[PDB]
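Here you get one chain, nothing else, as structure tokens; it is the form deposited in one PDB entry.
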């Protein structure tokens, strides 16, 4: 029969032929290898495009829209360096891992100004332009939600959005520049080299451009989420700490690195555990951005001191301080304006009493993290002071936060990020459903029985008051002897019967069954089961610095160090985030929203290396297949009269090929007798039910003589349409010139 798509363990899908049908599954013969066979579930085998070399800008133009034809379409585009593709209004963006010529040029930006989605090739610029036009025209704030795994290109596509807006709609407005020049500053304190991304955002962000009633930019605002605290002290084999550390160590003036007792990064514990990373140049680029948003030389110094302060704090070794450390402690207590005694005292002794080596270490790091984290808070807030405002009418908000992705070991940090993406995914489901309903109503397509099933029960499991996991966790932190194991049992007992919760030992995967019931749980997230190791959940849920250490630093010699802290010692990390996340949804839910799905093509940061299975998984995890299923319920195939005309005029009599696209298609419907059930002649496009586009395509490709015949039978009607078109147009022009009179 016809080649079909069937599963393939590394390509995601492969071409093969169905050689045998079973009740549960189909026997496939891979294309190349006659004699080879394998089984696939019936719902895992998909029809393919006849033309395996074509590519379309909108996947709705495919004859068969499904995960396999989608994967293959973006694959062909990506091979030709076209990294952007639409699924209706959604932008899919595949990281190219190199700089593609022309695509982001100032000229190319101009070519997108004012244009509707579809009138230009798919592009992040088109999404940016649409947010601005919907704002200005609809008088409604706008959000652009950029998601994907680490390394997928969220941060880059976020910059492209800000660049496009600044150059298109902010020519004389410097506020735009301060907003663009902000991210270089944030990235210094919040980004870091990981094994997944050399410039990984270690925090989530929402960037709001604020406007007055005349679409003029009046200010900006930046929200930041979930800074990665643990990276402040220890980092993985092949990773680094936050950029700013290495940037200041490799860019500081001879003077400064002398006043701050700075050496090469190898001299600090916090940096100990760099070919493609221009720390030196990036330092320069940072200082530029600081002057550009209005940091004085004094602030620049204040930040640096603390960064340096934190560095030396990490050198203090332990008991009490060795001698290697008494020079460290001296530097540290000087940069943080502390009494070298109280500090050493505070690092070595606790009130409840002496401290072992371990306990002195935790207390040193705990203080380090708290100082750095507040520093970062101060920085982000400083940025918001570069474009404040007491009032505004609208905003355009760009969300840049890490999606769901796979980790060998899922701890609390993944638990927070996956919690977040459950709520974003819900929002996304709700929004795609509304757009589809709106379209079906505007074009008279009827109803769609298909509905994404809600994940509210999953969200509730995590966040509900008193019984949600986050509150159960908070109780634990407040108990006399908090324990990760007691926490985990509480969750299991409370939700024994929960659809979304499971015990690790029920897993099909042996490595999970190895985990005792009170050491983890499996949550059935939107994207799939995630097994959480709850060890350390209790400690990680706590942002609070011990009273002794906090006092030490609160009452400090330096005013800037004291101002960082103008704020049982327990501050819940989970619940703080919940509140932030809920504030963020309040904002998104008040906007019209667009979606950019960023896809990381492989794990090696290389170009032109499409890993099909890795990419298929991201499409699934990011809800895209959910969208394809919704579309299958109605009219998943959508083509403009223009697109159809170019595709099929060649099969029709020259007389027909001479009509305009709209009238051409209108004639085809009439000559073919197309059933109003399967085919919808819309306002500007033809809408086809599943299979019906492929069927229409066969009709156009059938016997040319018979086709000419059908057209001929409708000739009188066609000629009459043509008369009426021009006749009524004439009456139109006349009614219009009579209206011009009527108004004077």
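Positions refer to the first chain, counted from 1. If you superpose the two forms and keep the largest set of C-alpha atoms that fall within 1.5 Å, you have the rigid core.
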Deposited but uncoordinated residues in the residue 318/residue 319 interval: 4 to 9
Residues of the deposited sequence that sit between residue 568 and residue 567 yet are not modelled: 10 or more
666 to 674 versus 274 to 282 - which carries the larger mean C-alpha B factor in the record: 274 to 282
Per the entry, higher mean C-alpha B factor between 653 to 661 and 426 to 434: 653 to 661
Per the PDB entry, maximal CA B factor within 201, 485, 212, 418: 212
Among 208, 558, 149, 400 - the residue whose C-alpha B-factor is largest in the record: 558
Third assignment of residue 60 from its chain's C-alpha B-factors: lowest
Lowest, middle or highest third - CA B-factor, residue 683: middle
Chain-relative CA temperature factor third for residue 265: highest
Residue 118 CA temperature factor, ranked by third within the chain: middle
Relative C-alpha B-factor of residue 446, binned into the chain's lowest, middle or highest third: highest
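What follows is about the form deposited in another entry, which we do not show.
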Mobile residue between this form and the one not shown, C-alpha criterion 2 Å or more, rigid core, from 585, 603, 450, 120: 450
C-alpha of residue 60 off by 2 Å or more between this form and the one not shown on rigid core: no
Residue 645 C-alpha relocation of at least 2 Å between this form and the one not shown, rigid core basis: yes
Cα displacement of residue 189 between this form and the one not shown reaching 2 Å, rigid core superposed: no
Closer or farther: C-alpha pair residue 691/residue 597 in that other deposited form, relative to this form, given a change of 3 Å or more: closer
In that other deposited form, shift in Cα separation for residue 118 relative to residue 436, 3 Å or more: farther
